[PDB]
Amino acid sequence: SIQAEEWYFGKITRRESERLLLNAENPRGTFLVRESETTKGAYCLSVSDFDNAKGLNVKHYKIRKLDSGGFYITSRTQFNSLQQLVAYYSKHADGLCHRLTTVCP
C-alpha cells in the first residue's frame, strides 16, 4: 500500500521531480517515487546526485512491477513491496547514483 508513503509523490512529471530535487539544500540521495509518465503500471525512482563535474543533478530509475508480485529496478534483485525496495536501496547504492538518504522536501 504505496500511496500511504510520504516518499510516494504519485502522478507528478519528470520536470516536476527535477524542480523538487534540484534544490541547493538537498544532499546526495534525496529521492522520491512517482508514476512513470509513459510506461503504464511502472514507477520511477528520482534521485539527486552531486559532483564537482556536474554539480547538483538528477537521475531517474524505472521500477517495474510484475503481476506475479515482485518490484524491481534490475530483475536480478526483486522485492515483495515498494517499501522493501526503498529500504534496500537506502543501504546499498548498487547501480544507483547514490544510496537513498532523505525524502525530497
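Between two forms, the rigid core is the largest collection of C-alphas that superpose within 1.5 Å. One rule holds for the numbers: they count along the sequence shown, beginning at 1.
> Following superposition on the rigid core, is the mean squared CA displacement, expressed as RMS, greater for 26-34 or for 47-55 in 7 other deposited structures of this protein?
This comes out as 47-55, the stretch further from the shown form in 7 other deposited structures of this protein.
> What stretch has the higher average Cα B-factor here, 45-53 or 73-81?
It is 45-53 that shows the higher mean C-alpha B-factor.
> Going by the mean C-alpha B-factor recorded in the entry, which is higher: 92-100 or 5-13?
Taking the mean B-factor of the alpha carbons in each, 5-13 is higher.
> From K62, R28, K65, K59, can you pick the one with the highest C-alpha B factor in the entry?
That would be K65, according to the entry.
> Please place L22 in the lowest, middle or highest third of its chain by C-alpha B factor as given in the entry.
It belongs to the middle third of the chain when residues are ordered by C-alpha B-factor.
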